[PDB]
Amino acid sequence: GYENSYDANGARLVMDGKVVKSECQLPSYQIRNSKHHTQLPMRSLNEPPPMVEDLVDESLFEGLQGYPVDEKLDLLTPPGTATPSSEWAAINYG
Amino acid sequence: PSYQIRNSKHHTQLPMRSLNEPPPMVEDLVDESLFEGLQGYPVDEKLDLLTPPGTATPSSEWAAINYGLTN
Amino acid sequence: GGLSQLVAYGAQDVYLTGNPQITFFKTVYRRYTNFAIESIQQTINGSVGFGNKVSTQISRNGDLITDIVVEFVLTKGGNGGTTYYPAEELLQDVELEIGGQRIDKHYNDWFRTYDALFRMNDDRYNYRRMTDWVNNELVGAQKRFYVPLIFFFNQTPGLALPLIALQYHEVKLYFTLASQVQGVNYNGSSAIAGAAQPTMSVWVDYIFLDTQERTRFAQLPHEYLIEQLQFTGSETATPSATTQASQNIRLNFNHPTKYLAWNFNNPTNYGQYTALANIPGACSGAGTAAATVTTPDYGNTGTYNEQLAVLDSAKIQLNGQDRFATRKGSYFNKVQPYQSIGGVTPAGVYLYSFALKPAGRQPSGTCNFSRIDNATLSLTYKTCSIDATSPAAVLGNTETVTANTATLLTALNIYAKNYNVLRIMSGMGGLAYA
Amino acid sequence: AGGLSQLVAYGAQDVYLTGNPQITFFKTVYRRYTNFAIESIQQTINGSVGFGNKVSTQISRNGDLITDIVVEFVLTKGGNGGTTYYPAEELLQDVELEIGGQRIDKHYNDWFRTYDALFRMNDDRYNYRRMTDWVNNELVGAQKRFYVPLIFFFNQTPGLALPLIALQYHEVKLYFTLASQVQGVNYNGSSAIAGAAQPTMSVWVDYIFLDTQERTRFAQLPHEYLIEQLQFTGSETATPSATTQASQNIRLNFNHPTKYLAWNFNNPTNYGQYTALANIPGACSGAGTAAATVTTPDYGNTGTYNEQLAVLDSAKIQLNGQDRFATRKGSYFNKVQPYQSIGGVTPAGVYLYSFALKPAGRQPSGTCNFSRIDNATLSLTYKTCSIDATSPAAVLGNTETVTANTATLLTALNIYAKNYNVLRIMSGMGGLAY
Amino acid sequence: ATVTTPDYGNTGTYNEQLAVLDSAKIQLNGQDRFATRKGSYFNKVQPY
């Protein structure tokens, strides 16, 4: 009967044997003010796109996995500038 | 907990000045993290053992080692 | 009596006792957070044996961890004098991973180099007692060895690793066991028939915090200034009978470096950093008819006899510029550790500190190689012209020469110990810098 | 080029080490202190000095504070080199410390031996031996003055000097029990040595003389000192045998916040013998030759690091029957514990378990308050006494769980505990808080 | 009597002499949960 605890969404969390009373006990609270890079649950939005197939490009390439080089290629954290607090993945349970 | 709990102070192998040489602080007299020769209680005027903040008298250390600390 | 000294008081006493600041006749104490320490065994994943890679994971039984000791049970595959720090040799390396990130890694050779430079006196002897057989044990003897780890949190309470604050990150250790250990399962290149496989166990000393400290660890973000070891192997520009070889080795290091360390060695024989010779302790059977200078007296592999060291001189360059004047190998072997450590370094092991006191935890000057586009270690070797089988040839030689057997020291090991920052937040941890 | 090429290369990673600096290393501030002088003053020994006698001294009120105490003895050799082992330490069977008629502490010759074996090291240990034994191959009839320092808390640091000036009405006494027999001095094993000399004894106390302001302060103010005490009980060893691993549940009848426990097993016949005798070099009288016997030690070489001759297989401490830490091997207590906590080398047969981060220091660093543990115990498992002690192949080539057949002679068990108490002085009188 | 073939209808027995286990303990995270007890403890006392 824990009607006064941290509801994640619909679930009450448990971290060190006891039910999470408030958000101040969670680890995410230490980085709750930084715009995080990725949020660990990763809910996909609207279905993923299908796998387009063709018999022209696969037959012409004869394998050779021609990879496109004009992509975005999301960079990493430069070794000199520490690791930005944003790089810590938020594990927003609720 | 409302307590200015400092970091640890271990016996270092190198002497270090606290960059505050004109005002001689009293918290650095018993800090073993800087000095390396000997340890003594800070003497105030008229040779009075002045206990700096954070440290504790031998009776208080005995009470904290036998009965226990607080919260 | 003593009063006659006290009365001898005047102007020259003012700078010693005028306006006293402290009294040496009274100890001041500090109320420290209550805690307890408990030794808990961790398990090993994988099959323990020579040449196998096994690992552990440190459970969250306590809040903080410090010392870690790996126990091994080994047998002797030969008589006294056939082994040399075999438990150290066996633990080929240990990799420290937090959250999947490689934080650090130690190597058997590093443990040997580290010991050679930083342990001393009875600390060193007691250490040897935990990794070797030092009471003239014979073939078939069996002992438990204790190989302490030397990661940053394994050296001081001050860096106790905050398992408590790592809600989502496990701390793991990967241990590689050497395929061969001298005097245990191999004798030089030969295998020892019937040799037993090691028994292994990893022990972790856990710190239990009180309520108040525990709370702070859970709620506050943390950062630790910690050490890391960088290491690469290089071929030695092997010297010869007619020449002083020289070599420019790129120092592919980064981060604020406390010190560099290096040695030359014979890959066949663990801990051999010097040439072999027919002088007592310098080779198998040295000093007698049976002496050979192709195999060491394993139990006496290490020596303080520089005549058997290979390096003539060295300097460190930063971006092609000399960092300091070229000094002799003996300067790196004897003076550097005199000045910086206060112990005694065996021949073949060299140190160059960028720090006033590299033996301590507190940073005291570093070379940040993250700001040096091209650092180089420049080595000059001695001429390998001395006939190692003729005791006189060795003992009576000159500064610029060494044993013909010094050309067996074909490997160069260069280490750099540096400072990085371990950040902990939101239940996760990892390093600040690549 | 040069040092400037490093100095200038300041990067992001250096901010943690040198940005907004708090300290420097290139100018040391020294702390002004009070005036004091140290004088070595001889005390009166009451009672007759001789073997087996009890004598005592009352420390005179000559200085203001007291620290170091050294008891001098003049002994002669009743046999040749190799017959004695720390004989001045053996002679001083025990020392009681009394203040105001109250017993503060009590040390034993075996404690001094245990303490040394565990806490002194390197040249300190050697220099110590030089003050208590004959170490230059001296012969029968040789005369020597020995100096046995006391190790009570006030004998180790000025910070704990006893304020005799503050004890207007209370005396401080030392009671010294002299052994009935000292090996190699008045007895060769069980045989009395005809013509052996009786000892000459002198007690020296090093006094601190203070200046007027501080003498007055001590004389007028109440003083509290956090001090060390030694708790000790002798136990009968659950002696192991050829066919069995004896085990024993030992009640730890200790109180107070114990810093650490230490113990040893011994043959009470031979002072300092913590290991079994064997026919291997240094392990018995005449070891290595035809004349060897495993009933008598080579007294001059009584101590050893050869754990094979020790009897503890494993041990754990329990509090009210709950494990304090996981069971570890005897070699864990003998080699690792002191490695971690002391930094010296501990002789075989001597064991330590610390509850403290730094058991050798003044400042509390974790304790076991046994006054709160209704039933603390020590659980010991002994090694199997199956090794034929007279055969080096059996002694030097054997396994972990066994020891010498002569290890059954180690029938005594000595368990020590060092703890913290408070000594209070008020209005001319003093004694312990509890 | 063949001791390599059971009396199938009497396969089971209460005679612990024929049981294989001498003793046992259970550990958690490297530490004893409880002291080692004989197989007969687990066989007779625990269920008692």
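By Swiss-Prot numbering, chain D shows 2-435, in order.
Technique stated in the header: electron microscopy, 3.5 Å.
Using the three backbone atoms N, Cα and C, a Cβ is placed for every residue, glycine included.
As annotated by Swiss-Prot, N-linked glycosylation site applies to D:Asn280 (among others), with the evidence given as experimental evidence. Listed in sequence order, the residues of the same chain lying 6 or more apart from D:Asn280 (N-linked glycosylation site) and placing their CB within less than 8 Å of its CB are D:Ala288, D:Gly289, D:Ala293, D:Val295, D:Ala390, D:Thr391, D:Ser392, D:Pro393, D:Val396.
DSSP assigns D:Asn302 (N-linked glycosylation site) to a helical segment in the three-state reduction. All protein chains shown were included, and the count of other CB atoms within 10 Å of the CB of D:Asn302 (N-linked glycosylation site) stands at 15. Annotation source Swiss-Prot lists N-linked glycosylation site at D:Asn302 (among others), citing experimental evidence.
Per Swiss-Prot, N-linked glycosylation site is recorded for D:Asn399 (among others), and the stated evidence type is experimental evidence. Under the three-state DSSP scheme, D:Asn399 (N-linked glycosylation site) falls in the coil class.
A simple way to gauge crowding: the CB of D:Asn406 (N-linked glycosylation site) has 22 other CB atoms within 10 angstroms, across all the protein chains here. For D:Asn406 (among others), the entry in Swiss-Prot reads N-linked glycosylation site, with the evidence type experimental evidence.
Rounded to a whole number, the distance between the Cα atoms of D:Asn406 (N-linked glycosylation site) and D:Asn399 (N-linked glycosylation site) is 13 Å. Rounded to the nearest whole angstrom, the C-alpha distance between D:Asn302 (N-linked glycosylation site) and D:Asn406 (N-linked glycosylation site) is 20. Taking 8 Å as the upper bound (exclusive) on CB-CB distance to chain C, the glycosylation sites D:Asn280, D:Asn302, D:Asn399, D:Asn406 give D:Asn399 in sequence order.
Secondary structure at D:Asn406 (N-linked glycosylation site), as computed by DSSP, is helix. Residue density at D:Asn399 (N-linked glycosylation site): 21 other Cβ atoms are found within 10 A of its Cβ, drawing on all protein chains shown.
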